[PDB]
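Inspection log for the structure reproduced underneath, given as structure tokens.
Throughout, residue positions are numbered sequentially from 1 according to the sequence presented. Excluded from the calculations below are hydrogen atoms, water molecules and symmetry mates; all remaining heavy atoms, backbone and side chain alike, are included. Just follow the structure's listing: the first ligand is 1, and inside any ligand the first atom is 1.
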Amino acid sequence: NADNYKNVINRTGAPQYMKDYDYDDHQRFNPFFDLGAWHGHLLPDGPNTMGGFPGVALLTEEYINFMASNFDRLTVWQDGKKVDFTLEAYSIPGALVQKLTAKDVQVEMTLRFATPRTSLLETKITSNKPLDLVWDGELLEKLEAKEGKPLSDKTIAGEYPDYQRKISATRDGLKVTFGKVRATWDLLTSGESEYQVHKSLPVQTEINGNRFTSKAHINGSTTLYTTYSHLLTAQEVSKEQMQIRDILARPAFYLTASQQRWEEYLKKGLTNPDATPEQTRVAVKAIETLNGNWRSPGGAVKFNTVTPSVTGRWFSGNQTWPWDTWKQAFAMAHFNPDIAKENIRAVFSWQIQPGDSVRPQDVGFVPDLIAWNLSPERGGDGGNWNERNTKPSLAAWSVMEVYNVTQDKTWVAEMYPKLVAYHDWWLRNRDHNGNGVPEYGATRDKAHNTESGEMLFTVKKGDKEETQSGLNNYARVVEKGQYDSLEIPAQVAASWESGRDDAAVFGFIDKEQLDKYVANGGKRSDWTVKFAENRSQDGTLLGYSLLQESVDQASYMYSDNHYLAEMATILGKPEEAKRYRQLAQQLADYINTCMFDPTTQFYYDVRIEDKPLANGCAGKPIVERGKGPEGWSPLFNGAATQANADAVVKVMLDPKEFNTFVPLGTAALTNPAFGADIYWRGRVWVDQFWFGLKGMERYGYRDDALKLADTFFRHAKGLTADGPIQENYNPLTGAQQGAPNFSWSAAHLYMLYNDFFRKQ
Ligand SMILES: OC[C@H]1O[C@@H](O)[C@@H](O)[C@@H](O)[C@@H]1O
Ligand SMILES: OC[C@H]1O[C@@H](O)[C@@H](O)[C@@H](O)[C@@H]1O
Ligand SMILES: OC[C@H]1O[C@@H](O)[C@@H](O)[C@@H](O)[C@@H]1O
Ligand SMILES: [Ca+2]
Ligand SMILES: [Mg+2]
């Protein structure tokens, strides 16, 4: 089945820079990674690279960095004359292949992964005479380029003088060793990491600085085996040696293991018989993408996980976020459930427990960003690890989807208490006014407050800066408005917690836009989101909240409660189930009563106003900041009444609102802060699009959802081409932006294949 899907993504490339970046600093080629391994490979792009898989991509703890263009590239010689080949090269799901054809010699090379640190190359040589084989390779020297043009003349060795890369010959191949580099934002190594090449035949080797040439003589047709391993610690190096020996002893077993695992992914995943071949190919692209973004355990993360993009500037290594994970695992349940489970385990593995050394006031909290390296507060030197905030909680939904597929009650029993703890954390630490309806917010953190618990902020006016602390001081500063900007690190983190960090509803609007808003009769203060601290009965600072309750977050919590009730029932906990059903109903009541505006027929966030309203609502719906995808969150999550759903669907289908060339973007055309190229104020994301179609379907509008899915399929640029999957789309033009090989887009493209794509 895999052979039906050749070159789904363009995996060719010959990188010339460690950082061979696209316009947005992502690696501009798409290497093949599998089994959660920490290195990847490209296909040759022509004569200069044929005979090898160029562009060895090393995952250096938290970043993707190219090591070499040609490395272990084969050329073949007969009587001192080089054999001239023509090349066929292609990817399939789970392998890279190249075939070299000449009259009297042919070579077929197949590359698959064998372990979480090792790939296996089969070099099948057909020849009716003896041959001399030569392999060559060279480490990269240049540091950085953007769209193929150098950003500077900086060198790798110049930039990282301790990297001290060295090639050494071994008793069966060679190794590259690497010195310790703790470049927090760029390159992280232990000083014990190596890239190892082991082969099934003796070779002779000449090393010339950062290049090598190795040779062997064969008698005729033969199949050789080569392992390539990126090993990140001394312990990994030592442990891999027995695995390498086993692979070279029984290579057929490892090739077959990979073949069968991939056949299973495709068999389990490709289950929509109404899909066209073109739609099926998108599903396969999604599967390849998600599986490539899977990382095996590394560093502080003791579980397999999935990152948002192995090629991403800030998304690589094993950097893992919660709401990415929920979406990833929801889709991966349907083809790679073992890793869907692991990915969820990885996020919960650093959930805060009672007596935590850093934040004992945050029991149940799930960190925003976990990674190989712990932060200095937890004894590491990692700069990415983030506990300033979490992400929106679709955890129970994700866990339940794995259960729906596997029917494994032990999985529900494993996750239930972790889900309960998280649920409880939101209600303690993200409910400023104690009404059971959450806010996005931020933790107590070194970045957010002084050691005495006073909130930090920086008031900027022209080129003058003033850093102050204290919520009372913050209050006065907001009242007077004598600043160009007010930077509050806790409120930045709150925007991160929402997942949509420049959304209109959180106060973000450009100058020209706000000027027009004012000219039309609005006030600038309508865009000010106020901020508050959350304290326990005994006065302990628990964190912070926006003085605003978000309709998406309420709706996700509604679903959390619903899924927790379902799980409690499965686990024979009827009284817990009854309590969660009550909490769900109370949230649905608040969502419908408080967040639905009948005049504009849509749902919105509400402010937490100085005094609550007579109906118990914390404030009025924030209609004046315009409509966004949060307004269909009550439909997706099932909190909406039918009547309110009917109203929202009419708005979604309106070409003046959201029914655009690519429909269901992150702000309606009528939103005062709309911009077609703005990430969270117009651009279409696949998650929010699929949430909208699912919401439509839930309330009896599957036919209209199918139509929108067809519009998406026809208009989203690049969908049926061989480019990597990105983050979002211009709603007017369909043009793509964002990191290549983006996981949750893959996840929701797969779900669209499952749920809505079909032959017309
Ligand atoms: O060893 C096979 C071939 O290797 C090449 O690199 C050259 O050294 C050739 O002269 C030789 O015939
Ligand atoms: O774009 C990546 C950034 O995304 C935000 O939502 C947070 O998770 C940050 O910690 C992270 O650096
Ligand atoms: O993909 C990882 C994270 O990247 C950030 O830039 C935001 O888009 C977050 O919503 C997301 O969770
Ligand atoms: Ca509240
Ligand atoms: Mg921190």
Would you say atom 9 (C) of ligand 3 touches the protein, meaning some protein heavy atom is under 4.0 Å from it?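 For atom 9 (C) of ligand 3 the answer is yes, since some protein heavy atom falls inside 4.0 Å.
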
Could any protein non-hydrogen atom be found less than 4.0 Å from atom 12 (O) of ligand 1?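 Protein heavy atoms within 4.0 Å of atom 12 (O) of ligand 1 - there is at least one.
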
Using a strict 4.0 Å cut-off to heavy atoms of [X], name the atoms of ligand 3 that fall inside it.
| X | answer |
| --- | --- |
| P308 | 1 (O), 2 (C) |
| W744 | 10 (O), 11 (C), 12 (O) |
| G499 | 9 (C), 10 (O) |
| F742 | 1 (O) |

Could you tell me which atoms of ligand 2, counted from 1 in the order shown, lie closer than 4.0 angstrom to a heavy atom of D368?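 Within the 4.0 Å cut-off of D368, ligand 2 contributes 7 (C), 8 (O), 9 (C), 10 (O).
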
Using a strict 4.0 Å cut-off to heavy atoms of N386, name the atoms of ligand 2 that fall inside it.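 Taking each heavy atom of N386 in turn, ligand 2 has 10 (O) under 4.0 Å.
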
Identify whether NZ of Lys or CZ of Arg in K81 sits under 6.0 Å from the centre of the six-membered ring of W77 and within 45° of that ring's axis.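 Because its charged atom misses either the 6.0 Å distance or the 45° angle limit, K81 does not stack over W77.
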
Where does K391 meet ligand 3, judged by heavy-atom distances below 4.0 Å: at the side chain, the backbone, both, or neither?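 Side chain only; the backbone of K391 stays clear of ligand 3.
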
Using a 4.0 Å heavy-atom threshold (strictly under), name the region of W496 that reaches ligand 3: side chain, backbone, both or neither.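 No part of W496 is near ligand 3 at this cut-off.
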
Working for salt bridge (charged side-chain N to carboxylate O under 4.0 Å, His left out), residues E497 and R388: CA-CA 9 Å; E497 196 163 272; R388 287 170 63 180; over 6 Å; no

Considering only the protein, which heavy-atom contact is closest to [atom], and what is its distance?
| atom | result |
| --- | --- |
| atom 1 (O) of ligand 3 | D324 OD2, 2.6 Å |
| atom 7 (C) of ligand 1 | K215 NZ, 4.2 Å |
| atom 4 (O) of ligand 2 | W321 NE1, 4.2 Å |

salt_bridge([X], [Y]) N-O dist < 4.0 Å:
| X | Y | result |
| --- | --- | --- |
| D324 | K391 | no |
| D677 | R683 | yes |
| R378 | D356 | yes |
| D20 | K146 | no |
| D79 | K129 | no |
| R681 | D510 | yes |

Among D605, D687, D552, salt bridge (charged side-chain N to carboxylate O under 4.0 Å, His left out) partner for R500: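 Considering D605, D687, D552, a salt bridge (charged side-chain N to carboxylate O under 4.0 Å, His left out) with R500 is found only for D552.
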
Just to verify, which of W323, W326, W397 counts as forming a side-chain contact (heavy atoms from CB on, under 4.5 Å) with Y556?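 Only one of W323, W326, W397 forms a side-chain contact (heavy atoms from CB on, under 4.5 Å) with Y556, namely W323.
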
Nitrogen or oxygen atoms of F315 and ligand 3 under 3.5 Å apart: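 Checking ligand 3 against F315, no N or O pair falls under 3.5 Å apart.
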
With the threshold set at under 4.0 angstrom, would you say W314 reaches ligand 3 through any of its heavy atoms?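 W314: no contact with ligand 3 (<4.0 Å).
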
Could you tell me which atoms of ligand 1, counted from 1 in the order shown, lie closer than 4.0 angstrom to a heavy atom of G80?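 Selected atoms, number and element: 12 (O).
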
